[PDB]
file protein09.txt (compact mmCIF, C-alpha atoms)
# COMPACT_ATOMS: atom_id res chain seq x y z
CA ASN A 3 -23.74 58.76 18.85
CA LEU A 4 -21.97 57.40 15.76
CA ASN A 5 -19.34 55.63 17.89
CA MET A 6 -21.64 52.84 19.09
CA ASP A 7 -23.23 52.40 15.65
CA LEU A 8 -19.81 51.72 14.11
CA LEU A 9 -18.51 49.65 17.05
CA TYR A 10 -21.34 47.13 16.89
CA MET A 11 -20.56 46.82 13.16
CA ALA A 12 -16.86 46.24 13.89
CA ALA A 13 -17.59 43.54 16.46
CA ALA A 14 -20.07 41.97 14.03
CA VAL A 15 -17.58 41.70 11.16
CA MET A 16 -14.84 40.38 13.47
CA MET A 17 -17.01 37.65 15.02
CA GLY A 18 -18.53 36.72 11.63
CA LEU A 19 -15.13 36.12 10.03
CA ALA A 20 -14.07 34.21 13.16
CA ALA A 21 -17.19 32.03 12.90
CA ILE A 22 -16.58 31.18 9.24
CA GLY A 23 -12.92 30.39 9.84
CA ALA A 24 -13.36 28.22 12.93
CA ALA A 25 -16.41 26.35 11.63
CA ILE A 26 -14.94 25.42 8.25
CA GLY A 27 -11.56 24.53 9.75
CA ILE A 28 -13.05 22.06 12.21
CA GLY A 29 -15.38 20.87 9.46
CA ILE A 30 -12.43 19.76 7.30
CA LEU A 31 -10.38 18.36 10.18
CA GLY A 32 -13.31 16.40 11.62
CA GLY A 33 -14.20 15.26 8.12
CA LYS A 34 -10.88 13.46 7.93
CA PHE A 35 -11.48 12.13 11.45
CA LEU A 36 -14.86 10.68 10.42
CA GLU A 37 -13.30 9.26 7.24
CA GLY A 38 -10.81 7.28 9.32
CA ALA A 39 -13.64 5.53 11.20
CA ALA A 40 -15.29 4.54 7.92
CA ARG A 41 -12.03 2.84 6.96
CA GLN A 42 -12.05 1.02 10.36
CA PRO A 43 -13.23 1.98 13.87
CA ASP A 44 -10.53 0.74 16.27
CA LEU A 45 -8.64 4.06 16.38
CA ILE A 46 -11.75 6.22 16.77
CA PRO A 47 -10.53 7.06 20.32
CA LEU A 48 -6.91 7.65 19.27
CA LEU A 49 -7.78 9.61 16.12
CA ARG A 50 -10.22 11.53 18.34
CA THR A 51 -7.29 12.25 20.69
CA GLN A 52 -5.14 13.62 17.86
CA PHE A 53 -8.32 15.39 16.74
CA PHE A 54 -8.51 17.41 19.95
CA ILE A 55 -4.73 17.97 19.84
CA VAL A 56 -5.05 19.63 16.41
CA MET A 57 -8.44 21.26 17.00
CA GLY A 58 -6.84 23.32 19.76
CA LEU A 59 -4.56 25.04 17.25
CA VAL A 60 -7.55 25.36 14.93
CA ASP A 61 -9.38 27.34 17.61
CA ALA A 62 -6.29 29.35 18.67
CA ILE A 63 -6.81 32.53 16.59
CA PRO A 64 -10.63 32.63 16.14
CA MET A 65 -11.01 32.86 19.90
CA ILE A 66 -8.68 35.86 19.98
CA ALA A 67 -11.03 37.32 17.38
CA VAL A 68 -14.08 36.36 19.47
CA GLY A 69 -12.53 37.70 22.67
CA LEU A 70 -11.87 41.08 21.09
CA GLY A 71 -15.31 41.10 19.46
CA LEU A 72 -16.87 40.55 22.88
CA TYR A 73 -14.57 43.21 24.36
CA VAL A 74 -15.55 45.79 21.72
CA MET A 75 -19.24 45.02 22.05
CA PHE A 76 -19.40 45.03 25.87
CA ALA A 77 -16.47 47.20 27.01
CA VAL A 78 -15.82 49.86 24.36
CA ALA A 79 -19.52 49.79 23.41
CA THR B 3 9.19 -6.92 13.69
CA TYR B 4 7.27 -8.79 10.99
CA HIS B 5 7.47 -11.73 8.61
CA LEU B 6 7.57 -11.54 4.80
CA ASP B 7 6.73 -14.36 2.37
CA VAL B 8 7.67 -14.15 -1.33
CA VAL B 9 6.54 -16.86 -3.75
CA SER B 10 6.12 -17.56 -7.44
CA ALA B 11 4.59 -20.46 -9.37
CA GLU B 12 8.15 -21.79 -9.86
CA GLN B 13 9.73 -21.34 -6.41
CA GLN B 14 9.63 -19.74 -2.97
CA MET B 15 11.80 -16.64 -3.30
CA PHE B 16 11.99 -15.70 0.40
CA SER B 17 10.41 -16.41 3.78
CA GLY B 18 11.32 -14.89 7.13
CA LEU B 19 11.27 -11.93 9.46
CA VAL B 20 12.33 -8.54 8.07
CA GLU B 21 12.80 -5.04 9.49
CA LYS B 22 11.41 -2.96 6.59
CA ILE B 23 10.70 -3.22 2.85
CA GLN B 24 10.21 -0.94 -0.17
CA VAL B 25 7.99 -2.47 -2.85
CA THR B 26 6.72 -1.66 -6.35
CA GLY B 27 3.05 -0.86 -6.93
CA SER B 28 0.48 -0.10 -9.64
CA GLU B 29 0.67 3.70 -9.44
CA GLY B 30 4.04 4.02 -7.72
CA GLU B 31 6.50 2.58 -5.23
CA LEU B 32 5.47 2.17 -1.57
CA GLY B 33 7.29 1.61 1.73
CA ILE B 34 5.86 -0.80 4.30
CA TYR B 35 6.35 -0.58 8.07
CA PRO B 36 5.62 -2.86 11.06
CA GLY B 37 1.86 -3.09 11.62
CA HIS B 38 1.18 -1.00 8.51
CA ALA B 39 -2.32 -0.26 7.23
CA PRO B 40 -3.65 -3.46 5.59
CA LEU B 41 -3.81 -3.29 1.79
CA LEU B 42 -3.59 -5.41 -1.37
CA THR B 43 -2.50 -4.34 -4.84
CA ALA B 44 -1.09 -5.40 -8.18
CA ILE B 45 2.51 -4.44 -8.94
CA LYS B 46 4.16 -3.00 -12.07
CA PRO B 47 7.52 -4.37 -13.31
CA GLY B 48 10.11 -3.58 -10.65
CA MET B 49 11.80 -4.99 -7.55
CA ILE B 50 11.67 -5.23 -3.75
CA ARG B 51 14.29 -4.18 -1.18
CA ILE B 52 14.53 -6.70 1.67
CA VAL B 53 16.25 -4.98 4.61
CA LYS B 54 16.58 -7.75 7.20
CA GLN B 55 17.92 -7.83 10.75
CA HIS B 56 21.13 -5.83 11.35
CA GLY B 57 20.25 -3.74 8.27
CA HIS B 58 21.30 -6.12 5.47
CA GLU B 59 19.39 -5.57 2.22
CA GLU B 60 18.95 -7.94 -0.68
CA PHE B 61 17.37 -7.14 -4.03
CA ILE B 62 14.70 -9.34 -5.66
CA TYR B 63 13.43 -8.73 -9.19
CA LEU B 64 9.61 -8.63 -9.45
CA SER B 65 8.62 -8.63 -13.12
CA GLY B 66 4.93 -8.96 -12.26
CA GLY B 67 2.70 -9.96 -9.36
CA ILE B 68 0.49 -8.97 -6.42
CA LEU B 69 1.31 -7.85 -2.85
CA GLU B 70 -0.75 -8.52 0.30
CA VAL B 71 -0.62 -6.60 3.60
CA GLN B 72 -3.80 -7.58 5.49
CA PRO B 73 -1.99 -9.27 8.43
CA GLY B 74 1.18 -8.26 10.23
CA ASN B 75 2.80 -11.02 8.19
CA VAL B 76 2.92 -9.74 4.61
CA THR B 77 3.03 -11.65 1.32
CA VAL B 78 4.23 -11.12 -2.26
CA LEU B 79 2.90 -13.23 -5.15
CA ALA B 80 4.98 -13.06 -8.35
CA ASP B 81 3.95 -14.03 -11.88
CA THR B 82 7.68 -13.78 -12.63
CA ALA B 83 10.46 -13.10 -10.12
CA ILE B 84 14.23 -13.57 -10.27
CA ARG B 85 16.78 -13.66 -7.45
CA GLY B 86 19.20 -10.72 -7.52
CA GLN B 87 22.35 -12.64 -8.50
CA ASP B 88 20.82 -15.18 -10.87
CA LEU B 89 20.24 -12.13 -13.06
CA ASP B 90 23.16 -9.88 -13.97
CA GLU B 91 24.07 -6.61 -15.66
CA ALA B 92 24.91 -8.50 -18.86
CA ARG B 93 21.41 -10.02 -18.80
CA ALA B 94 19.74 -6.63 -18.32
CA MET B 95 21.93 -5.22 -21.11
CA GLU B 96 20.76 -8.06 -23.36
CA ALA B 97 17.22 -7.08 -22.38
CA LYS B 98 18.12 -3.49 -23.32
CA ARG B 99 19.37 -4.69 -26.72
CA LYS B 100 16.18 -6.73 -27.25
CA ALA B 101 13.86 -3.88 -26.24
CA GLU B 102 15.69 -1.24 -28.29
CA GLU B 103 15.38 -3.54 -31.30
CA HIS B 104 11.68 -4.23 -30.73
CA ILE B 105 10.89 -0.52 -30.32
CA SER B 106 12.27 -0.07 -33.84
CA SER B 107 10.56 -3.31 -34.95
CA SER B 108 7.05 -2.60 -33.60
CA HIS B 109 4.84 -0.48 -35.82
CA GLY B 110 1.18 -1.04 -34.84
CA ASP B 111 -0.71 -0.80 -31.57
CA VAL B 112 -1.12 -4.46 -30.52
CA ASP B 113 2.54 -5.24 -31.23
CA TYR B 114 3.46 -2.07 -29.36
CA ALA B 115 1.26 -3.36 -26.53
CA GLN B 116 3.67 -6.31 -26.44
CA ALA B 117 6.89 -4.35 -27.10
CA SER B 118 6.00 -1.97 -24.25
CA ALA B 119 5.85 -4.93 -21.86
CA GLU B 120 9.16 -6.20 -23.25
CA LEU B 121 10.60 -2.72 -22.62
CA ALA B 122 9.15 -2.65 -19.10
CA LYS B 123 10.77 -6.00 -18.35
CA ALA B 124 14.09 -4.69 -19.67
CA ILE B 125 13.85 -1.43 -17.70
CA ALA B 126 12.93 -3.14 -14.44
CA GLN B 127 15.95 -5.42 -14.87
CA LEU B 128 18.17 -2.43 -15.72
CA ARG B 129 16.93 -0.87 -12.45
CA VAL B 130 17.46 -3.85 -10.14
CA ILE B 131 20.91 -4.56 -11.61
CA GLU B 132 22.01 -1.11 -10.41
CA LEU B 133 20.31 -1.43 -7.02
CA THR B 134 22.06 -4.81 -6.63
CA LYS B 135 25.45 -3.07 -6.36
CA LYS B 136 24.62 -1.67 -2.90
CA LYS C 173 -2.75 -37.06 -2.06
CA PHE C 174 0.88 -38.07 -1.45
CA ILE C 175 1.03 -38.55 2.31
CA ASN C 176 3.79 -41.19 2.15
CA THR C 177 6.18 -42.79 -0.33
CA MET C 178 4.07 -45.96 0.02
CA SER C 179 0.69 -44.62 1.20
CA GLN C 180 -1.65 -42.10 -0.44
CA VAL C 181 -5.14 -40.93 0.50
CA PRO C 182 -8.07 -40.02 -1.79
CA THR C 183 -9.51 -36.59 -1.02
CA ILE C 184 -12.37 -34.25 -1.98
CA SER C 185 -12.48 -30.56 -1.06
CA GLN C 186 -14.37 -27.43 -2.11
CA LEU C 187 -12.87 -24.40 -3.85
CA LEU C 188 -15.99 -22.29 -4.46
CA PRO C 189 -17.46 -20.64 -2.57
CA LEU C 190 -14.16 -19.87 -0.82
CA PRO C 191 -15.09 -21.27 2.61
CA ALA C 192 -15.49 -18.69 5.37
CA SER C 193 -15.97 -21.52 7.88
CA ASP C 194 -12.19 -21.71 8.14
CA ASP C 195 -10.76 -20.41 11.41
CA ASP C 196 -11.27 -16.67 11.76
CA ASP C 197 -8.11 -14.55 12.02
CA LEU C 198 -9.51 -12.49 14.88
CA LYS C 199 -5.94 -11.61 15.89
CA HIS C 200 -5.28 -9.48 12.80
CA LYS C 201 -7.66 -6.52 13.04
CA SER C 202 -7.27 -2.93 11.97
CA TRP C 203 -8.18 0.75 12.27
CA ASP C 204 -7.76 1.47 8.54
CA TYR C 205 -8.02 -0.71 5.44
CA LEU C 206 -7.06 0.57 1.99
CA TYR C 207 -8.09 -1.18 -1.22
CA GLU C 208 -6.15 -0.07 -4.29
CA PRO C 209 -8.43 1.45 -6.97
CA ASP C 210 -10.28 -0.91 -9.29
CA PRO C 211 -10.51 -3.37 -6.37
CA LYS C 212 -12.81 -5.60 -8.43
CA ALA C 213 -10.10 -6.37 -11.01
CA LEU C 214 -7.36 -6.90 -8.42
CA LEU C 215 -9.57 -9.20 -6.34
CA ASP C 216 -10.89 -11.10 -9.38
CA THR C 217 -7.42 -11.75 -10.83
CA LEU C 218 -6.15 -12.66 -7.35
CA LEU C 219 -8.90 -15.26 -6.91
CA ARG C 220 -8.18 -16.61 -10.40
CA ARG C 221 -4.58 -17.17 -9.29
CA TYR C 222 -5.99 -18.89 -6.19
CA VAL C 223 -8.07 -21.39 -8.16
CA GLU C 224 -5.23 -21.84 -10.67
CA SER C 225 -2.82 -22.66 -7.83
CA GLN C 226 -5.16 -25.09 -6.07
CA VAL C 227 -6.09 -27.05 -9.21
CA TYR C 228 -2.53 -27.26 -10.54
CA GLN C 229 -1.08 -28.30 -7.17
call {"tool": "encode", "arguments": {"input": "protein09.txt", "output": "structure tokens"}}
result
Amino acid sequence: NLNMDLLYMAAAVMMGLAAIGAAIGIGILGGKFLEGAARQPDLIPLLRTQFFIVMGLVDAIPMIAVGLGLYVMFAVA
Amino acid sequence: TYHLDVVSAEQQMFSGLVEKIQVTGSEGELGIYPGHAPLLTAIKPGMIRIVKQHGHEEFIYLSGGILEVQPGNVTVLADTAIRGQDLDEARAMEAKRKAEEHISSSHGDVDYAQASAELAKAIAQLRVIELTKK
Amino acid sequence: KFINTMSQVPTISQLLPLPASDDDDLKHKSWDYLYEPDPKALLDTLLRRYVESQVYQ
């Protein structure tokens, strides 16, 4: 019935917005990371360490969005 | 920490280890730190704060020059620099008198291109003479 | 060149090209280098001061 037709749409919009947010956020943050190496490479590992430290908080919310999108699509259905 | 060298065509202004420094630049003032990112730049009329061991500052006038930060040991080159107690408030006030006259006495663009530099010299002195009191 | 009050040595040395066969400062290395904008002018005027200093001295 109509329930499943709307629930796939809800999961779709949630995961789409999550994808845009996460992808562009890491795009900007990693863009600054890659800029640092072009200035000089010897803190590629340490800037890559701070990169993961920050990228965790980047991915904090979009994976709540993805988790609930997956839940709606496979468990509420 | 790190070693700072300050020189001009007329004399060596300073040479030795320092804890931190705040220096004039082309766009704006900048603070240097131990092992800072290497850079070189021209400097606008201003001054440099030399905070040495135990936290003792001294104030050097930098009327014009270039600063170098490629190594841990940094370097200031001055087209004109004056030690902070060879100058005085009376001298900066004379510079103020001179500049305020020349602003009224400059009427074209080339002569204002010179009077603006005279004003900048006066203002940088009027700045360092106040900083000197700390 | 004034090596002593009563002895001096004649010398010849090159200014240009600024010799890169001097000892390399491999100790000072970095993870970021920043050139202030219009680096050409700053570097050109800086090198003019270099040649000025060497010749006058």
call {"tool": "interface_residues", "arguments": {"input": "protein09.txt", "of": "chain A", "to": "chain B", "cutoff": "12 Å", "atoms": "all atoms listed in the file", "output": "PDB file with C-alpha atoms, keeping the file's coordinate frame"}}
result
ATOM      1  CA  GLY A  38     -10.810   7.280   9.320  1.00  0.00           C
ATOM      2  CA  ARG A  41     -12.030   2.840   6.960  1.00  0.00           C
ATOM      3  CA  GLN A  42     -12.050   1.020  10.360  1.00  0.00           C
ATOM      4  CA  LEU A  45      -8.640   4.060  16.380  1.00  0.00           C
TER       5      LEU A  45
END
call {"tool": "closest_atom_pairs", "arguments": {"input": "protein09.txt", "of": "chain C", "to": "chain B", "cutoff": "7 Å", "atoms": "only C-alpha atoms", "output": "CSV"}}
result
residue,atom,partner,partner_atom,distance
C:200,CA,B:73,CA,5.5
C:204,CA,B:39,CA,5.9
C:205,CA,B:40,CA,5.2
C:206,CA,B:41,CA,5.0
C:207,CA,B:41,CA,5.6
C:208,CA,B:43,CA,5.6
C:214,CA,B:44,CA,6.5
call {"tool": "write_last_selection", "arguments": {"input": "protein09.txt", "atoms": "C-alpha atoms", "output": "PDB file, in the coordinates of the input"}}
result
ATOM      1  CA  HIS C 200      -5.280  -9.480  12.800  1.00  0.00           C
ATOM      2  CA  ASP C 204      -7.760   1.470   8.540  1.00  0.00           C
ATOM      3  CA  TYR C 205      -8.020  -0.710   5.440  1.00  0.00           C
ATOM      4  CA  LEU C 206      -7.060   0.570   1.990  1.00  0.00           C
ATOM      5  CA  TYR C 207      -8.090  -1.180  -1.220  1.00  0.00           C
ATOM      6  CA  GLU C 208      -6.150  -0.070  -4.290  1.00  0.00           C
ATOM      7  CA  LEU C 214      -7.360  -6.900  -8.420  1.00  0.00           C
TER       8      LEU C 214
END
call {"tool": "interface_residues", "arguments": {"input": "protein09.txt", "of": "chain A", "to": "chain C", "cutoff": "12 Å", "atoms": "all atoms listed in the file", "output": "PDB file with C-alpha atoms, keeping the file's coordinate frame"}}
result
ATOM      1  CA  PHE A  35     -11.480  12.130  11.450  1.00  0.00           C
ATOM      2  CA  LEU A  36     -14.860  10.680  10.420  1.00  0.00           C
ATOM      3  CA  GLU A  37     -13.300   9.260   7.240  1.00  0.00           C
ATOM      4  CA  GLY A  38     -10.810   7.280   9.320  1.00  0.00           C
ATOM      5  CA  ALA A  39     -13.640   5.530  11.200  1.00  0.00           C
ATOM      6  CA  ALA A  40     -15.290   4.540   7.920  1.00  0.00           C
ATOM      7  CA  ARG A  41     -12.030   2.840   6.960  1.00  0.00           C
ATOM      8  CA  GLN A  42     -12.050   1.020  10.360  1.00  0.00           C
ATOM      9  CA  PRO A  43     -13.230   1.980  13.870  1.00  0.00           C
ATOM     10  CA  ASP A  44     -10.530   0.740  16.270  1.00  0.00           C
ATOM     11  CA  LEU A  45      -8.640   4.060  16.380  1.00  0.00           C
ATOM     12  CA  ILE A  46     -11.750   6.220  16.770  1.00  0.00           C
ATOM     13  CA  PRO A  47     -10.530   7.060  20.320  1.00  0.00           C
ATOM     14  CA  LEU A  48      -6.910   7.650  19.270  1.00  0.00           C
ATOM     15  CA  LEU A  49      -7.780   9.610  16.120  1.00  0.00           C
TER      16      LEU A  49
END
call {"tool": "closest_residue", "arguments": {"input": "protein09.txt", "among": "B:89, B:131, B:50, B:64", "to": "residue B:22", "atoms": "all atoms listed in the file"}}
result
B:50
call {"tool": "atom_distance", "arguments": {"input": "protein09.txt", "atom1": "atom CA of residue B:6", "atom2": "atom CA of residue B:55"}}
result
12.5 Å
call {"tool": "residues_around", "arguments": {"input": "protein09.txt", "residues": "residue A:30", "least_positions_apart": "6", "cutoff": "12 Å", "atoms": "all atoms listed in the file", "output": "list in words"}}
result
residues 23, 24, 36, 37, 53, 56, 57 and 60 of chain A
call {"tool": "write_last_selection", "arguments": {"input": "protein09.txt", "atoms": "C-alpha atoms", "output": "PDB file, in the frame of the given file"}}
result
ATOM      1  CA  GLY A  23     -12.920  30.390   9.840  1.00  0.00           C
ATOM      2  CA  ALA A  24     -13.360  28.220  12.930  1.00  0.00           C
ATOM      3  CA  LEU A  36     -14.860  10.680  10.420  1.00  0.00           C
ATOM      4  CA  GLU A  37     -13.300   9.260   7.240  1.00  0.00           C
ATOM      5  CA  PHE A  53      -8.320  15.390  16.740  1.00  0.00           C
ATOM      6  CA  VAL A  56      -5.050  19.630  16.410  1.00  0.00           C
ATOM      7  CA  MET A  57      -8.440  21.260  17.000  1.00  0.00           C
ATOM      8  CA  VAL A  60      -7.550  25.360  14.930  1.00  0.00           C
TER       9      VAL A  60
END
call {"tool": "atom_distance", "arguments": {"input": "protein09.txt", "atom1": "atom CA of residue B:36", "atom2": "atom CA of residue B:14"}}
result
22.3 Å
call {"tool": "residues_around", "arguments": {"input": "protein09.txt", "residues": "stretch 222-229 of chain C", "least_positions_apart": "3", "cutoff": "10 Å", "atoms": "all atoms listed in the file", "output": "list in words"}}
result
residues 11 of chain B; 187, 188, 190, 216, 217, 218 and 219 of chain C
call {"tool": "atom_distance", "arguments": {"input": "protein09.txt", "atom1": "atom CA of residue B:97", "atom2": "atom CA of residue B:121"}}
result
7.9 Å
call {"tool": "axis_aligned_box", "arguments": {"input": "protein09.txt", "around": "stretch 14-29 of chain A", "padding_each_side": "3 Å", "output": "lines of an AutoDock Vina configuration file"}}
result
center_x = -15.8
center_y = 31.4
center_z = 11.6
size_x = 14.5
size_y = 27.1
size_z = 12.8
call {"tool": "residues_around", "arguments": {"input": "protein09.txt", "residues": "stretch 105-110 of chain B", "least_positions_apart": "5", "cutoff": "12 Å", "atoms": "only C-alpha atoms", "output": "ChimeraX atom specification"}}
result
/B:98-100,115-122,124
call {"tool": "build_atoms", "arguments": {"input": "protein09.txt", "residues": "stretch 177-195 of chain C", "atoms": "N, CA, C and O atoms", "output": "short mmCIF file (atom, residue, chain, number, x, y, z; two decimals), keeping the file's coordinate frame"}}
result
data_model
loop_
_atom_site.label_atom_id
_atom_site.label_comp_id
_atom_site.auth_asym_id
_atom_site.auth_seq_id
_atom_site.Cartn_x
_atom_site.Cartn_y
_atom_site.Cartn_z
N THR C 177 5.58 -42.15 0.84
CA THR C 177 6.18 -42.79 -0.33
C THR C 177 5.42 -44.06 -0.70
O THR C 177 5.36 -44.42 -1.88
N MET C 178 4.82 -44.74 0.28
CA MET C 178 4.07 -45.96 0.02
C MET C 178 2.67 -45.94 0.63
O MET C 178 2.10 -47.00 0.90
N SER C 179 2.11 -44.75 0.86
CA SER C 179 0.69 -44.62 1.20
C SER C 179 0.18 -43.28 0.71
O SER C 179 0.86 -42.25 0.85
N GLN C 180 -1.01 -43.29 0.11
CA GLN C 180 -1.65 -42.10 -0.44
C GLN C 180 -3.14 -42.18 -0.16
O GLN C 180 -3.72 -43.27 -0.10
N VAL C 181 -3.77 -41.02 0.02
CA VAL C 181 -5.14 -40.93 0.50
C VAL C 181 -5.99 -40.23 -0.56
O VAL C 181 -5.56 -39.22 -1.12
N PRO C 182 -7.17 -40.75 -0.90
CA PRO C 182 -8.07 -40.02 -1.79
C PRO C 182 -8.83 -38.94 -1.04
O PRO C 182 -9.30 -39.15 0.08
N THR C 183 -8.96 -37.77 -1.68
CA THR C 183 -9.51 -36.59 -1.02
C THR C 183 -10.46 -35.84 -1.93
O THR C 183 -10.33 -35.87 -3.16
N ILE C 184 -11.43 -35.16 -1.31
CA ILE C 184 -12.37 -34.25 -1.98
C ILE C 184 -12.47 -32.99 -1.13
O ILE C 184 -12.62 -33.07 0.09
N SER C 185 -12.39 -31.82 -1.78
CA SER C 185 -12.48 -30.56 -1.06
C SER C 185 -13.05 -29.48 -1.98
O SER C 185 -12.93 -29.56 -3.20
N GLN C 186 -13.67 -28.47 -1.37
CA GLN C 186 -14.37 -27.43 -2.11
C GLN C 186 -13.47 -26.22 -2.33
O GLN C 186 -12.71 -25.83 -1.44
N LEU C 187 -13.54 -25.65 -3.53
CA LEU C 187 -12.87 -24.40 -3.85
C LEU C 187 -13.83 -23.21 -3.79
O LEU C 187 -13.52 -22.20 -3.16
N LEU C 188 -14.99 -23.34 -4.44
CA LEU C 188 -15.99 -22.29 -4.46
C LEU C 188 -17.29 -22.78 -3.82
O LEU C 188 -17.70 -23.92 -4.06
N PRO C 189 -17.95 -21.95 -3.00
CA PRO C 189 -17.46 -20.64 -2.57
C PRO C 189 -16.32 -20.76 -1.57
O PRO C 189 -16.35 -21.66 -0.73
N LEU C 190 -15.33 -19.87 -1.68
CA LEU C 190 -14.16 -19.87 -0.82
C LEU C 190 -14.63 -19.92 0.64
O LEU C 190 -15.21 -18.95 1.14
N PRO C 191 -14.39 -21.03 1.34
CA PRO C 191 -15.09 -21.27 2.61
C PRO C 191 -14.68 -20.27 3.68
O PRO C 191 -13.50 -20.13 4.01
N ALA C 192 -15.68 -19.57 4.22
CA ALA C 192 -15.49 -18.69 5.37
C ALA C 192 -15.67 -19.41 6.69
O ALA C 192 -15.59 -18.78 7.75
N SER C 193 -15.92 -20.72 6.66
CA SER C 193 -15.97 -21.52 7.88
C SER C 193 -14.59 -21.98 8.32
O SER C 193 -14.49 -22.73 9.31
N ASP C 194 -13.54 -21.57 7.62
CA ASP C 194 -12.19 -21.71 8.14
C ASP C 194 -12.02 -20.82 9.37
O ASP C 194 -12.80 -19.90 9.62
N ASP C 195 -10.99 -21.13 10.16
CA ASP C 195 -10.76 -20.41 11.41
C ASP C 195 -10.58 -18.92 11.16
O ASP C 195 -9.82 -18.51 10.28
#
